[PDB]
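Working notes, structure below.
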Amino acid sequence: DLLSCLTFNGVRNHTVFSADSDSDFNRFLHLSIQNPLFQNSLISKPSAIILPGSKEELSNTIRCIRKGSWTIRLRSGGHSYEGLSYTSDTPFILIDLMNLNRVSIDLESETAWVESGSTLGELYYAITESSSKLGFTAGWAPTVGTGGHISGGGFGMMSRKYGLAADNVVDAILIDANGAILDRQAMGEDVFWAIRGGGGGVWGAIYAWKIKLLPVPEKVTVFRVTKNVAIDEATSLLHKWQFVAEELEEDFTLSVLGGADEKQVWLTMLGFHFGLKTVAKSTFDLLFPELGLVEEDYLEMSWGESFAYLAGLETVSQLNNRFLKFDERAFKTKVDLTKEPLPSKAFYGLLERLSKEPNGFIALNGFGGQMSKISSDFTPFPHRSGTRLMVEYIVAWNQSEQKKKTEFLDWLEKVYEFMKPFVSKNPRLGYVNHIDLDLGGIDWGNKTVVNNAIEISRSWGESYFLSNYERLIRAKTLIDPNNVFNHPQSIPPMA
Ligand SMILES: *Cc1cc2c(cc1C)nc1c(=O)[nH]c(=O)nc-1n2C[C@H](O)[C@H](O)[C@H](O)COP(=O)(O)OP(=O)(O)OC[C@H]1O[C@@H](n2cnc3c(N)ncnc32)[C@H](O)[C@@H]1O
Ligand SMILES: *[C@@H]1O[C@H](CO)[C@@H](O[C@@H]2O[C@H](CO)[C@@H](O[C@@H]3O[C@H](CO)[C@@H](O)[C@H](O)[C@@H]3O)[C@H](O)[C@H]2NC(C)=O)[C@H](O)[C@H]1NC(C)=O
Ligand SMILES: *[C@@H]1O[C@H](CO)[C@@H](O)[C@H](O)[C@H]1NC(C)=O
Ligand SMILES: [Mg+2]
């Protein structure tokens, strides 16, 4: 029936479920699974996979699915930390957007239309090919899809200068529950607000984003330096780092990745400056001489080169390869936002815990700069002025380490518990692109839960969106009153 409808409407790229492990179905399913944690045979699988190739095909795909009784799942880059783009407890149809990866750069307006299947890497590659003086602000990972990422905000190394990806969206095409093809004018300002950070898989299917391209100098300066130190020094480095980071002028970003193994602590310092190396080095010589950076650590390169470099890629060319796997390990990650400085003992304790679990690591970023100049309700992402740091805790493992899974997750749980007193409180804040089901989830098939959906959903909803939660609910009710686009943590519509 679904297939007949798709045919009648001219949608031809579809594949039904097959048990054959070598089937084209399985191949398409796995192409964009970015967390092996959700890859096994015991996980839910779609009844069919549809690959629309145009806005009309996307519209008609949604229309056909509604004539049946399916749960819609949209996938762009497949990076959902919780696999929410390709799993569902109820029978589902996977709409994979990988064929919608056209990027159209307009150098006369310095804007771009970006189909929502395009990855960050594909976008960055297109921009750098078009111009040496234009860039865009989004996350570091080149295989992340614009569909999920911009829908959830999109934070990266240029956010202190330019804010989130979603803060630089000026139009969009949204395909609603009825297949309507809506631009900014058609969807209205409440819905255009909601899609710019309110979370993917909730409002409809974004067909394309229109973004404003942003100035970058022809040469920027970066460094990636790993310090191999002991815990005393690592603690004092991290404790000073937090002040250096949040306070730097907007033309600088300094972030950290960290881990340990018994007495050996490693801290990888990632630096970016919107300018030349003489200024970059004079700034860090003055503000953070403890890092011990030398002249040869500072590299001058193009903006596109810098994004490939910070992502750990070999070349700018690799940005354009969406199936170059970032990593092959299963993972679980959690995040905190902070409002007060972290005491030294928090870093010491975090490092002690890392030293006992070499499969764990942390990633630390400062806000400030432009992030403090954007109002909390400009877009749905509310963590602006007053927000000091974002702290990510990750544990990752390979197949050979599978039996330690329970232990790894316990370690992460304990780290998050340890950090509780030092980070944001009442409520403990989160970030929707860092979706975390530990916070809870709605079973939309459970009537008693659905009756109280708004209160229940406030647990994660206010963590992600704070006061913006109320406006999100109104926008949801407007654009998807029948809740066609839903998942365990989707914004509830009013009854
Ligand atoms: C995997 C990963 C993620 C990541 C990261 C590094 C890696 C290796 N670094 C990040 C960073 O530097 N800054 C940042 O803000 N986020 C970072 N992340 C997390 C990443 O942003 C999120 O995982 C993001 O949501 C992933 O987007 P992607 O498009 O790749 O993922 P998805 O699983 O397919 O979709 C996620 C949700 O959005 C819905 N979706 C997908 N496409 C659409 C469209 N077109 N319209 C509406 N909703 C859409 C999915 O259904 C799912 O709910
Ligand atoms: C539905 O969409 C999928 C995914 O786009 C289509 O498969 C893709 O088809 C293209 C074009 O045939 C393939 O590119 C080709 O790759 C070969 C090497 O195998 C290369 O020599 C050619 O230059 C060509 O570019 C691509 O590999 C393939 N992608 C995947 C993941 O399979 C598929 O054809 C579509 N199905 C239908 C019925 O339209
Ligand atoms: C609905 O959810 C509640 C609370 O999560 C649970 O106790 C109950 O068993 C569920 N009811 C049904 C009918 O599934
Ligand atoms: Mg076979």
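Each chain in the structure tokens gets a letter, A, B, ..., in the order shown, and its residues are numbered from 1; ligands are numbered from 1 in order too.
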
As a ChimeraX atom specification, please: every residue in range 290-464 of chain A that DSSP puts in helix (DSSP H, G or I). /A:290-291,295-297,303-310,316-320,344-355,369-372,399-422,432-434,437-439,447-451,453-464

Listing only residues of chain A within 12 Å of ligand 3, what is the closest atom pair and its distance in Å (to one decimal) for each, using only C-alpha atoms and all ligand atoms, sorted by chain and residue number ascending, as a Markdown table?
| residue | atom | partner | partner_atom_place_in_ligand_line | distance |
| --- | --- | --- | --- | --- |
| A:440 | CA | ligand 3 | 5 (O) | 9.9 |
| A:441 | CA | ligand 3 | 5 (O) | 9.1 |
| A:442 | CA | ligand 3 | 5 (O) | 8.1 |
| A:443 | CA | ligand 3 | 2 (O) | 7.3 |
| A:444 | CA | ligand 3 | 1 (C) | 9.3 |
| A:445 | CA | ligand 3 | 14 (O) | 7.6 |
| A:446 | CA | ligand 3 | 1 (C) | 4.8 |
| A:447 | CA | ligand 3 | 1 (C) | 6.7 |
| A:448 | CA | ligand 3 | 1 (C) | 5.8 |
| A:449 | CA | ligand 3 | 2 (O) | 5.5 |
| A:450 | CA | ligand 3 | 1 (C) | 8.7 |
| A:451 | CA | ligand 3 | 1 (C) | 10.4 |
| A:452 | CA | ligand 3 | 4 (C) | 10.4 |
| A:453 | CA | ligand 3 | 2 (O) | 10.9 |
| A:456 | CA | ligand 3 | 5 (O) | 10.0 |

Go ahead and save the residues from that selection, with N, CA and C atoms, as an mmCIF file, in the first residue's frame.
data_model
loop_
_atom_site.group_PDB
_atom_site.id
_atom_site.type_symbol
_atom_site.label_atom_id
_atom_site.label_comp_id
_atom_site.auth_asym_id
_atom_site.auth_seq_id
_atom_site.Cartn_x
_atom_site.Cartn_y
_atom_site.Cartn_z
ATOM 1 N N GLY A 440 14.842 10.746 30.995
ATOM 2 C CA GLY A 440 13.485 10.233 30.889
ATOM 3 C C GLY A 440 13.003 10.226 29.448
ATOM 4 N N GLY A 441 11.753 9.822 29.231
ATOM 5 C CA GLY A 441 11.167 9.769 27.900
ATOM 6 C C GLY A 441 9.684 9.434 27.906
ATOM 7 N N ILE A 442 8.955 9.972 26.931
ATOM 8 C CA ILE A 442 7.523 9.724 26.777
ATOM 9 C C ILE A 442 7.252 8.506 25.903
ATOM 10 N N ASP A 443 6.409 7.606 26.397
ATOM 11 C CA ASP A 443 5.824 6.572 25.554
ATOM 12 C C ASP A 443 4.507 7.127 25.021
ATOM 13 N N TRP A 444 4.497 7.520 23.751
ATOM 14 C CA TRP A 444 3.335 8.180 23.161
ATOM 15 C C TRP A 444 2.131 7.247 23.007
ATOM 16 N N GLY A 445 2.350 5.958 23.244
ATOM 17 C CA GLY A 445 1.273 4.986 23.202
ATOM 18 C C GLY A 445 0.635 4.742 24.559
ATOM 19 N N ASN A 446 1.166 5.397 25.587
ATOM 20 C CA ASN A 446 0.697 5.224 26.961
ATOM 21 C C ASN A 446 -0.234 6.368 27.369
ATOM 22 N N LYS A 447 -1.521 6.074 27.535
ATOM 23 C CA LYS A 447 -2.496 7.147 27.669
ATOM 24 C C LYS A 447 -2.336 7.981 28.942
ATOM 25 N N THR A 448 -1.989 7.345 30.055
ATOM 26 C CA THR A 448 -1.863 8.097 31.299
ATOM 27 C C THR A 448 -0.670 9.045 31.228
ATOM 28 N N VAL A 449 0.398 8.607 30.573
ATOM 29 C CA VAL A 449 1.571 9.448 30.387
ATOM 30 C C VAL A 449 1.258 10.618 29.462
ATOM 31 N N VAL A 450 0.615 10.325 28.337
ATOM 32 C CA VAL A 450 0.281 11.364 27.372
ATOM 33 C C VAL A 450 -0.641 12.439 27.964
ATOM 34 N N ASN A 451 -1.587 12.042 28.811
ATOM 35 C CA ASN A 451 -2.422 13.027 29.496
ATOM 36 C C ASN A 451 -1.598 14.063 30.262
ATOM 37 N N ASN A 452 -0.490 13.615 30.844
ATOM 38 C CA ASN A 452 0.372 14.486 31.636
ATOM 39 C C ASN A 452 1.676 14.811 30.915
ATOM 40 N N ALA A 453 1.642 14.774 29.588
ATOM 41 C CA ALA A 453 2.860 14.890 28.791
ATOM 42 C C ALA A 453 3.640 16.178 29.034
ATOM 43 N N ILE A 456 5.456 16.014 32.494
ATOM 44 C CA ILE A 456 6.489 14.988 32.408
ATOM 45 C C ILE A 456 7.663 15.455 31.554
#

For CA of residue 77 in chain A and CA of residue 32 in chain A, determine how far apart the two atoms are, in Å to one decimal place. 6.1 Å

At a cut-off of 7 Å and counting only C-alpha atoms and all ligand atoms, what residues surround ligand 4? Please answer as a PDB file with N, CA, C and O atoms, in the first residue's frame.
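This is the output file out15.pdb:
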ATOM      1  N   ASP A  20      18.156 -10.645   5.016  1.00  0.00           N
ATOM      2  CA  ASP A  20      19.460 -10.910   4.426  1.00  0.00           C
ATOM      3  C   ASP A  20      20.471  -9.866   4.884  1.00  0.00           C
ATOM      4  O   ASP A  20      20.363  -8.690   4.543  1.00  0.00           O
ATOM      5  N   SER A  21      21.459 -10.308   5.655  1.00  0.00           N
ATOM      6  CA  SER A  21      22.457  -9.408   6.225  1.00  0.00           C
ATOM      7  C   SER A  21      23.259  -8.645   5.170  1.00  0.00           C
ATOM      8  O   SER A  21      23.899  -7.641   5.480  1.00  0.00           O
ATOM      9  N   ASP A  22      23.222  -9.117   3.928  1.00  0.00           N
ATOM     10  CA  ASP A  22      23.962  -8.471   2.848  1.00  0.00           C
ATOM     11  C   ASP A  22      23.027  -7.707   1.922  1.00  0.00           C
ATOM     12  O   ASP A  22      23.444  -7.203   0.877  1.00  0.00           O
ATOM     13  N   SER A  23      21.759  -7.623   2.308  1.00  0.00           N
ATOM     14  CA  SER A  23      20.766  -6.929   1.501  1.00  0.00           C
ATOM     15  C   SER A  23      21.117  -5.458   1.336  1.00  0.00           C
ATOM     16  O   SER A  23      21.818  -4.875   2.165  1.00  0.00           O
TER      17      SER A  23
END

Could you give me, as a ChimeraX atom specification, the residues within 9 Å of residue 38 in chain A, counting only C-alpha atoms and dropping anything in the same chain fewer than 4 positions from it? /A:33-34,42-44,82-83,86-87,330

Distance table requested - range 309-399 of chain A against range 141-154 of chain A, cut-off 8 Å, only C-alpha atoms: one row per qualifying residue with the closest atom pair and its distance in Å to one decimal, ordered by chain and rising residue number, as a tab-separated table.
residue	atom	partner	partner_atom	distance
A:311	CA	A:141	CA	6.1
A:319	CA	A:142	CA	5.7
A:320	CA	A:142	CA	7.9
A:321	CA	A:143	CA	7.7
A:322	CA	A:143	CA	5.0
A:323	CA	A:143	CA	7.1
A:324	CA	A:143	CA	7.5
A:325	CA	A:143	CA	7.6
A:326	CA	A:143	CA	7.3
A:381	CA	A:153	CA	6.5

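In this model, the gap between atom 32 (P, counted along the ligand's line) of ligand 1 and CA of residue 200 in chain A comes to 7.8 Å.
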
Could I get the residues of chain A with an atom no further than 8 Å from an atom of ligand 2, each paired with its nearest atom pair and that distance in Å to one decimal, using only C-alpha atoms and all ligand atoms, sorted by chain and residue number, as a Markdown table?
| residue | atom | partner | partner_atom_place_in_ligand_line | distance |
| --- | --- | --- | --- | --- |
| A:12 | CA | ligand 2 | 38 (C) | 6.2 |
| A:13 | CA | ligand 2 | 37 (C) | 4.5 |
| A:14 | CA | ligand 2 | 38 (C) | 6.9 |
| A:24 | CA | ligand 2 | 32 (O) | 7.8 |
| A:27 | CA | ligand 2 | 31 (C) | 7.5 |
| A:28 | CA | ligand 2 | 31 (C) | 6.4 |
| A:31 | CA | ligand 2 | 31 (C) | 7.2 |
| A:51 | CA | ligand 2 | 2 (O) | 6.0 |
| A:98 | CA | ligand 2 | 5 (O) | 6.8 |
| A:99 | CA | ligand 2 | 5 (O) | 5.4 |

Store the residues of this selection in a file with N, CA and C atoms, as a short mmCIF file (atom, residue, chain, number, x, y, z; two decimals), in the first residue's frame.
data_model
loop_
_atom_site.label_atom_id
_atom_site.label_comp_id
_atom_site.auth_asym_id
_atom_site.auth_seq_id
_atom_site.Cartn_x
_atom_site.Cartn_y
_atom_site.Cartn_z
N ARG A 12 10.60 6.78 -6.15
CA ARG A 12 11.05 5.48 -6.62
C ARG A 12 12.18 4.84 -5.81
N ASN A 13 12.91 5.64 -5.04
CA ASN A 13 14.03 5.10 -4.29
C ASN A 13 13.61 4.61 -2.91
N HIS A 14 13.21 3.35 -2.85
CA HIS A 14 12.80 2.76 -1.59
C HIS A 14 13.19 1.29 -1.54
N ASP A 24 20.63 -4.86 0.26
CA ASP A 24 20.77 -3.43 0.05
C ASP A 24 20.08 -2.68 1.18
N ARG A 27 22.49 -2.51 4.03
CA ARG A 27 23.58 -1.62 3.66
C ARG A 27 23.17 -0.16 3.86
N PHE A 28 22.00 0.21 3.35
CA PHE A 28 21.49 1.57 3.52
C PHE A 28 21.25 1.88 5.00
N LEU A 31 24.73 2.53 6.68
CA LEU A 31 25.59 3.56 6.11
C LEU A 31 25.79 4.75 7.03
N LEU A 51 14.53 7.02 0.21
CA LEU A 51 15.53 8.05 -0.06
C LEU A 51 14.99 9.09 -1.04
N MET A 98 20.08 11.32 2.64
CA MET A 98 21.43 11.38 2.07
C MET A 98 21.49 11.87 0.63
N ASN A 99 20.41 11.70 -0.13
CA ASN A 99 20.39 12.18 -1.51
C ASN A 99 20.05 13.66 -1.63
#

Contacts of residue 206 in chain A at 7 Å (only C-alpha atoms; same-chain gap of 4+ positions) as a list in words: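 What passes the distance filter is residues 116, 147, 173, 174 and 175 of chain A.
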
Store the residues of this selection in a file with N, CA and C atoms, as a compact mmCIF listing (two decimals), in the first residue's frame.
# COMPACT_ATOMS: atom_id res chain seq x y z
N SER A 116 19.04 19.48 3.55
CA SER A 116 19.22 19.01 4.93
C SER A 116 19.95 17.67 5.09
N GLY A 147 20.81 18.46 9.02
CA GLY A 147 19.41 18.27 9.39
C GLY A 147 19.20 18.22 10.89
N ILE A 173 13.17 25.80 4.36
CA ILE A 173 12.00 25.13 3.81
C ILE A 173 11.66 23.96 4.71
N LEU A 174 10.47 24.00 5.30
CA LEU A 174 9.99 22.96 6.20
C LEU A 174 8.83 22.24 5.54
N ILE A 175 8.90 20.92 5.51
CA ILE A 175 7.81 20.10 5.00
C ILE A 175 7.00 19.62 6.20

Pick from A:55, A:420, A:133, A:487, whichever lies nearest to ligand 1 using only C-alpha atoms and all ligand atoms: A:487

Contact residues around residue 37 in chain A with only C-alpha atoms at 12 Å, ignoring same-chain residues under 6 positions, as a list in words: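 Close residues of residue 37 in chain A: residues 43, 79, 80, 81, 82, 83, 87, 328, 329, 330, 331, 332, 333, 395, 396, 397, 398, 399, 402, 405 and 409 of chain A.
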